[PDB]
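Report on the following structure.
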Amino acid sequence: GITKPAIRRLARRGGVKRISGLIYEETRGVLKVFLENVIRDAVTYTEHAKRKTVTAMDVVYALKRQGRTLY
Amino acid sequence: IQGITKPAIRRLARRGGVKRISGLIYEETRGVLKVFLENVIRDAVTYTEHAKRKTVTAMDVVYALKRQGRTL
Amino acid sequence: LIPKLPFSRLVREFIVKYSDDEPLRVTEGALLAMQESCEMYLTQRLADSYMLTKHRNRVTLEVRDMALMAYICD
Amino acid sequence: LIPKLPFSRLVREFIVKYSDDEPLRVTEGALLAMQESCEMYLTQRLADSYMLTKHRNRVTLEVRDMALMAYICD
Amino acid sequence: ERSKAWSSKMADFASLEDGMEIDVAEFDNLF
Amino acid sequence: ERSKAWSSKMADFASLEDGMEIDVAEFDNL
């Protein structure tokens, strides 16, 4: 899903000073959840609009159709 | 808020599965209630005002609750 | 349930506060619905703050957890 | 940023999964937007789980906090 | 889930209402 | 403060896109 160290780099961006070894797998799960929802919504909108291509605006529609993105 | 019953705060805590409570909790809970109810009433009144009616109804309460999102 | 005696005072306060020009009257069902909602909502939010309490391996709910809850859900 | 090499793996997996009978073409801008979104969202959610970590007076983020986070925001 | 329970309760609220009040002029009769 | 940052990022995503792909037929070239 994610590499190994990219998880660390995102943690260090987030202000996480120390990490447990299990975290990466859990983090991967998180990513799988998030993207999986987003793409779903985006695809569905692209499918409603009767277009063949996911666009940046379709990604925006999918993100906006989340609600819990902020906190 | 001023008179929101102290043991009623306790009873709601005990319904929620809270076993022990701090003394400061009651005023914080009162703040919470004021926030929630105040938002709800705001929205309900506003909808009743858009519909050009004089009376808040249970349906207007439903509209106000539904227009919350973080209720769940 | 909580008593109507102090509850209806707050409902009245806020009806007066956010009604435009005429106090906006009220129905009985509206009052009952508001009371039901606030009781179960306070039960709910207390339970979740107590989940935070449990998360820090202590059993006593305190304003630490209430404030974290406030920071989570505004 | 994370590399595209494993990311587009998953983007393809899920385009194919929910496509509705034609694989759905997915422009470059869409890919970049998805990558940006997932990176900052993971940073965000890690920071919040680490807020839980701090809340229990320990500095090491672990699946305890990740799982409480999962409960909070599904 | 919480959401199902709240949606049930709100579906319930679509019910009995009657008894318009003029809040203060009627709250005397809530004791 | 999070909401403002996300809304900025989404305003950014409102930008140019081009390069339609046929995901598998493309992703060899990633």
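Anything over 28 Å Cα to Cα? Flag those among A:64/E:4; A:64/B:52; D:54/F:4; A:52/B:66, in the order listed.
A:64/B:52; A:52/B:66
On alpha-carbon atoms, Rg over Rh for the protein assembly as shown using Kirkwood Rh?
My calculation of the ratio gives 1.05.
Work out Dmax and Rg for chain B from the C-alpha atoms and quote the Rg first, both in angstrom.
15.2, 47
Just how many % of Cα pairs in chain D lie over 22 Å apart, if you round to the nearest whole percent?
44 percent
Which angle from 0 to 90°, rounded to the nearest 10, does the C-alpha axis of helix A:23-48 make with the longest principal axis of chain A?
10 degrees
Would you work out which of C:60, C:5, C:31 lies farthest towards the positive end of the dipole of chain C? Charges go on Cβ: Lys and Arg +1, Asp and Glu -1.
Highest projection toward the positive end goes to C:60.
Mind listing the long-range amide H neighbours of residue B:20? Cut-off is under 5 Å, sequence gap 5 or more, other chains count too, H placed in the peptide plane at 1.01 Å from N.
C:61
Identify all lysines with a Cα-Cα distance to residue A:4 below 16 Å; exclude those on the same chain that are fewer than 8 residues away in sequence.
List returned: A:32, D:4.
Among the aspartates and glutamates, which have Cα under 16 Å from the Cα of residue E:9 when same-chain residues fewer than 8 positions away are ignored?
The reachable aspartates and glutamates, counting only those whose Cα sits under 16 Å from residue E:9, are B:60, C:36, C:39, E:1, E:17.
Straight-line reach from residue C:17: which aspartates and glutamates fall under 15 Å, measuring Cα to Cα and dropping same-chain residues less than 8 apart?
Of all the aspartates and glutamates, those that pass the test against residue C:17 - Cα under 15 Å, at least 8 places apart if same chain - are B:38, B:43, B:49, E:23.
Using Cα-Cα distances under 8 Å and only pairs 6 or more residues apart, what relative contact order does chain C have, in percent?
Once normalised by length, the contact order is 22 percent.
Nearest 10 degrees, 0 to 90: what angle lies between the long axis of helix C:28-55 and the longest principal axis of chain C (Cα atoms)?
10 degrees
Compute the distribution of all C-alpha to C-alpha distances in segment B:30-72, in bins of 5 Å from 0, and list the percent of pairs in each, rounded to whole numbers.
With a bin width of 5 Å, the distribution comes to 6, 25, 30, 22, 11, 5, 1.
We place every Cβ from the backbone using ideal geometry, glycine too, and count neighbours over all the protein chains shown. Read-outs throughout are calculated quantities, based only on the coordinates presented, and are distinct from any laboratory measurement.
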